[PDB]
Structures are given as C-alpha cells and as structure tokens.
C-alpha cells in the first residue's frame, strides 16, 4: 500500500522549468524496493528538443534517482508527454511505515511560454497532498492515481 503526495516547488505557470516534489509513503506492512517503484508527471510539450532532468533532493541520495522522458502518442490537449522517475538498486527499500521525500526539476527546452495550467499534472499546491493526477507504479502495475 504505497501512496504518493505532491507539491509544487515553484508555481509560476509560463516557465520552461517545472519543479515537481513528491513524498512516497509506505502505508503497508511490507517493505518495497525502490527500484520497483516508478512515478509519472504528465505535461504538454511543443517542440522536439530533449528535456533536461535533475534531482535536487532525495532521502536515499540524489544520484540514485533516474529521470526519463516519454510520449503519450494520444493527441490530447491536457498532456502529450511525461516524466517517468525511477530508482537504482542502491536506493534500497522503503520500510513498512517509512517514507522518502524527492524534489526534482526538469526543463522542457521549449521556451514557448505555454500555460502550464493546461497540464494534467499541474497543481499550484505548496503543501504536499494526495494528488491523483500524478501516478505511481509498483513492479510496473498502477497502484496510485489516475492515468490521463
């Protein structure tokens, strides 16, 4: 029973950079290996340049957080792209009743002034909350949130 909380590290809506922050909470009785957990954040991208990902903070070491980018290939206006966050073997485990905190960022490399309020996963919250428009998978299976 793995839950995900979200807050926004910088709420400006027309910037090229986006600052998703998450807490991953193990609310079950069994430990989960972090290398089995993935998180997605969904947004619209205009242009063909590759995004840039970084990790500003992670309980288990920023070097153990992996950022990848992919397309939804669905022609919808709330998102066409996602950031997928994954974790290395060296990230270890989240014990039962423990949590980890993760503060990341990415640049779309559009420089377009797009309105991020149109993004499926955008929230202006500066409090970690139970936001169901970001998703969490365990061993590839969706366990938290709603896919677009």
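Positions refer to the first chain, counted from 1.
Averaged over CA atoms, B-factors in the entry run higher in 25-33 than in the other of 25-33 and 94-102. Mean CA temperature factor is higher for 139-147 when stretches 2-10 and 139-147 are set side by side in the entry. Looking at 48, 81, 52, 123, the one whose CA carries the top B-factor in the deposited record is 48. Among all modelled residues in this chain, the alpha-carbon of residue 108 has a temperature factor (C-alpha) in the lowest third. Per-chain ranking of the deposited C-alpha B factor places residue 60 in the highest third. Sort the modelled residues of the chain by CA B factor and residue 132 lands in the highest third. Residue 118 sits in the middle third of its chain by CA B factor, as recorded in the PDB entry. Annotation for residue 44: CA B-factor lies in the lowest third of the chain's modelled residues.
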